[PDB]
Amino acid sequence: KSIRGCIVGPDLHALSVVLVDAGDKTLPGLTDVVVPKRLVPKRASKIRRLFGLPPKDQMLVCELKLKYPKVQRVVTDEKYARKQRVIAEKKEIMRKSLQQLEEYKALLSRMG
Amino acid sequence: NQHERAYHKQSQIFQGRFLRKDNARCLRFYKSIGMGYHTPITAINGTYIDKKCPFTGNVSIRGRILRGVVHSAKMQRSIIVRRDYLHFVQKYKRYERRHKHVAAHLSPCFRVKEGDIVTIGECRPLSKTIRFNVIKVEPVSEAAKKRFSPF
Amino acid sequence: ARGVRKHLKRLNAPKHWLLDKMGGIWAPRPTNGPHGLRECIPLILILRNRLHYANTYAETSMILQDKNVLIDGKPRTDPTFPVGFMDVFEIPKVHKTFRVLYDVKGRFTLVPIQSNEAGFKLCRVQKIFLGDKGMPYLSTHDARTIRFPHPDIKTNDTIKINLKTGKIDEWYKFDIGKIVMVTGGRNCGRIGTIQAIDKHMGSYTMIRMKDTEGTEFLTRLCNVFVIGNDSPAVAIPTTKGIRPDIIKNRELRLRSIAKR
Amino acid sequence: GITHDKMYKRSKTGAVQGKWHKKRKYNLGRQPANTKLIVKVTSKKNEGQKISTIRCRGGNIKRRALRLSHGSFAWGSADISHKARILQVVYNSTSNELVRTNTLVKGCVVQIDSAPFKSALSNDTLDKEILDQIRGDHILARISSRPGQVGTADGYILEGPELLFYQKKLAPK
RNA sequence: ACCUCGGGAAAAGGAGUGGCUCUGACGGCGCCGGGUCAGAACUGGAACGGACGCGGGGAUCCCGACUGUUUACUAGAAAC
RNA sequence: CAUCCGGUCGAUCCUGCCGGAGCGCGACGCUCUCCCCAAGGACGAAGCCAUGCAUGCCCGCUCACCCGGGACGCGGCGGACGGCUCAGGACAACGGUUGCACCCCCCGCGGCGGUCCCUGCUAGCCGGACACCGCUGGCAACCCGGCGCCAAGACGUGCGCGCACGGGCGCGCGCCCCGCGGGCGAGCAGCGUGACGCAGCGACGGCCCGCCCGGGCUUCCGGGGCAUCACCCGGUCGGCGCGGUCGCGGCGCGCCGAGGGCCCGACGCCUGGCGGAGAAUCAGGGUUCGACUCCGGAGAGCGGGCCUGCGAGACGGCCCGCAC
RNA sequence: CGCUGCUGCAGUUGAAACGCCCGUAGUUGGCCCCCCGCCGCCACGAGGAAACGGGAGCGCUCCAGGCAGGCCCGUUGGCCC
């Protein structure tokens, strides 16, 4: 694709700029209004950092029904059980397979 | 040993085996392909190395096993075989005597003259024209005429 | 052709499916599964064509999606799921249990079985290999990989799988005097005892089997499938693979039409 | 790109062939990457061991060695093996150009640092020919692996009638 | 192309060439001579038979086959 | 499904062709009551294209709003199949028969699920970081820029059990050969040890293996015409060592040798030349055609080149040169 | 159209035996051994897509078609190429 170069030239019809220093002579519109975020934290770790906490959460900023961001990255009792259950399933697989290996070697010794 | 650019060793036998107690470890690899074929005593007891020899090298005879006369042994460790076959047509109930030259690999163990009946076994592509290796040699009286022979 | 083939033409699809030539340009292409395309019939053809339980392909999805059909005791919801020799096709809602065996002609037949029969499934060990840490493993025709096989069971033997436990209940060896059904090939369905094992080293072992009628039939040992040691130990089709001759078949056809 | 197809080649009789199709991904060949031995470790550390994985057919990653400095070298008789810096490539059967540029390819005779194998000097009756090389700090070895495909330069210490062939080749200089 | 099969022909046309740093060959071995012919890097304002020495070429037609010879001191020719 | 007949003479018997007579499968003329079945811009223009359409579906992630109706976006899989055409290509493609002890593979099926470290765990579960989105623009159009918010089964890491464990290494059969075998027809597989390496996957568990399916090659036999084409080829033919590939191989290179193919037609040229299953006509034997339905190949104006992916040298993907 | 001739054409004179001889490739070679190995050979099998072409059976009203159907071999759709 065709792209202009990263140098300012008199051809540019548009320039995009950001404010890196202010201090005095506050700009008429740039510093006039603080704009609120459109969305509030959704990740639970971010939500707990927001309140300086570090499975509570649940409470959240509400916007009028008051819409709530579905909680994300929070270990619910069901999630905690799932992680423990899957850990147990892999542990059982290790137990059963090792037991079979020892038994098979014994059967092989029985026949020589 | 200076004309050769590289030292040719059998991959299977370790060069450190040529040190003391030669009797303790085998210094020669001599695999036996089956199909009712036998490793020659020349392969078992041969100074030659050949990595494409079917008795002492890293190749496997698998697939079709054909038998044919030697057409030329001029190429180095390679031989051209003249497989003779009849082709039948229907319009004339007669046949056409036809010949096909197949390129095989002579093992250094086997001695061949142009005319000997060879037995060739299919192998992995060994070259652009070579997919066969000689596994048996049948000598001929040199003044053997020619004779169209389906073997 | 740039990649895997996802479509099957009706004229291309195997003759044992018995798909009408005018039925469609396309034929059901079986998914990859326990059986190969040639050695299997899709579940759409074993329901919409044989039992007529579903009158259209969409209805085969509706009854398969509801897991009403059970294959080898597994829900097997896929419409194109392959069903092959020895798979247990049972529908509990209609209370019908079927085992797929081969008929004498060579088409697959859904044989009615009993609850004791439904439990076990017969498998042939194609190969024994040292895979996964040199651990011994067997491979059955129905794509079943069983680790730690009994050291004795060799290849070409028939194992019996529990299905619920997936354990080998018993092994029947491949030997002269053993009941065998030839699966696939010109001689398909035929049941006989092995009478000869001709090795033909480097090519194919040639098995000659003799029917009770005394008709000797020879086939490659891959098609041969041991059923039991001296009796099938499985339901066999009503014909029992004796195999009719063409003039006998004509007589049976005439008899059926007369009683219309 | 590069093609290993035989359609471009002439027939056995030497006849021209016919191009029936355009080149295919399956018959693709890649530019060879000569593993240069870093003998300039003292001069600069910017050139470190650089092995690059490449995407192949079936998503089978192949590790291509661009620069290498060390390898696992094994003295088979004594069963003494240690990771060793490779000092230089001295003798390659295919060409002397690979020896000058010090490319690491399989079967190139390499001189390895003997500082790891210095312990072997203490046990005598362990091959005098290897022992006097150990004292000298350079041992004749050969790369036993393919650096372009494996990504490593493993080898073995030249011994028996092999050591004699390659020491005779490098004997005048 | 043509041809008296000898030629035409250096036909017509192209490409390379320096310096360094190496590697092969080749005899007389322990030794010990050779100076040619290859091949590779690396370099240099895009340079190299770097001066010098040293064919421009192709298609025709006429005449005399040719190498020769000649009017020293105006004709070297197709003349002799 | 075994047929002839008219034409050289003044007449005759022959040879010999010419013309008829049958069928096909296209064109053309003329004419048409009804129903059934049915090919259909292939035929020296693989010339060229206006217009519309031919590839979507899903919700893991909703503080878009209809309240979960869920828009979009992100993520997933499919877009490599299918549809089309027959230009190229004449030991090729293709058809039967082989091998891979030289290989690659998504989906599914059935197994399997131990993963050293140091630093440094948060595992009751970690980061950051964008898209949509909002705000502000350039822009004929195409196309997108900045700033700000905020998520995923996405991404980046990572809590793992030293029979830890991906790759590749080094070493470990013989004693003339063949006869238990994890496995074979065959020394193959697997592993034991010594070093290297530290792969994957574990932030809603998959590395891995068998099977399947498709592919890559490969073995034998068949695989146009022309001699007003008789000699041809020099990576051509072998060997050796590397590289490269999914892998074998002159596939490529370095080096050594001089081979290889031919009147059983090599080689060169030519083809209004895809091959096969087949079709037309026909006593038998045969002849001719194989654009098209099914199968395999090839190609999407022509050459190349590429990315993504398990698979495309993809053209309803991109980059470039030419033609338009 | 036995006017391409394998079946199955013609060459004294209609078209047509090379002027002759040697001779390689090629093609072709008498008789003879019963009982053996290799060949071709003939038979029969395996195994390899159907469609098509046959072809069993079935009255689409007949038919070209199709694989149907009818309380039925486990109703079929065999079998061949």
# chains A, B, ... in the order shown; residues from 1 in each chain; ligands from 1
>>> residues_around(residues="segment 87-103 of chain A", least_positions_apart="4", cutoff="8 Å", atoms="only C-alpha atoms (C1' of nucleotides)", output="PyMOL selection string")
(chain A and resi 83+107) or (chain C and resi 148) or (chain F and resi 113-114)
>>> interface_residues(of="chain C", to="chain G", cutoff="8 Å", atoms="only C-alpha atoms (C1' of nucleotides)", output="NGL selection string")
:C and (11-15 or 18 or 20 or 109 or 111 or 185 or 218-220 or 237-239 or 246 or 249-250 or 252-254 or 256-257 or 259-260)
>>> select_by_dssp(residues="segment 155-254 of chain C", states="helix (DSSP H, G or I)", output="PyMOL selection string")
chain C and resi 246-254
>>> interface_residues(of="chain C", to="chain B", cutoff="9 Å", atoms="only C-alpha atoms", output="ChimeraX atom specification")
/C:201-203
>>> write_last_selection(atoms="N, CA, C and O atoms", output="short mmCIF file (atom, residue, chain, number, x, y, z; two decimals), in the first residue's frame")
data_model
loop_
_atom_site.label_atom_id
_atom_site.label_comp_id
_atom_site.auth_asym_id
_atom_site.auth_seq_id
_atom_site.Cartn_x
_atom_site.Cartn_y
_atom_site.Cartn_z
N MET C 201 6.14 -66.66 1.09
CA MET C 201 7.00 -65.61 1.74
C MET C 201 7.27 -64.40 0.85
O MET C 201 7.56 -64.58 -0.35
N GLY C 202 7.18 -63.20 1.42
CA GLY C 202 7.46 -61.96 0.68
C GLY C 202 6.22 -61.37 0.03
O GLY C 202 6.30 -60.22 -0.44
N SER C 203 5.11 -62.11 0.02
CA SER C 203 3.85 -61.63 -0.60
C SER C 203 2.66 -61.78 0.35
O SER C 203 2.69 -61.16 1.42
#
>>> residues_around(residues="residue 210 of chain F", least_positions_apart="3", cutoff="8 Å", atoms="only C-alpha atoms (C1' of nucleotides)", output="list in words")
residues 139, 143, 144 and 145 of chain C; 111 of chain F
>>> atom_distance(atom1="atom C1' of residue 248 of chain F", atom2="atom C1' of residue 218 of chain F")
9.2 Å
>>> residues_around(residues="segment 169-183 of chain F", least_positions_apart="3", cutoff="8 Å", atoms="only C-alpha atoms (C1' of nucleotides)", output="number ranges by chain")
B: 26, 38-39, 41; C: 128-130, 136; D: 72-76, 79, 81, 144-145, 154-156; F: 187-190, 194, 196
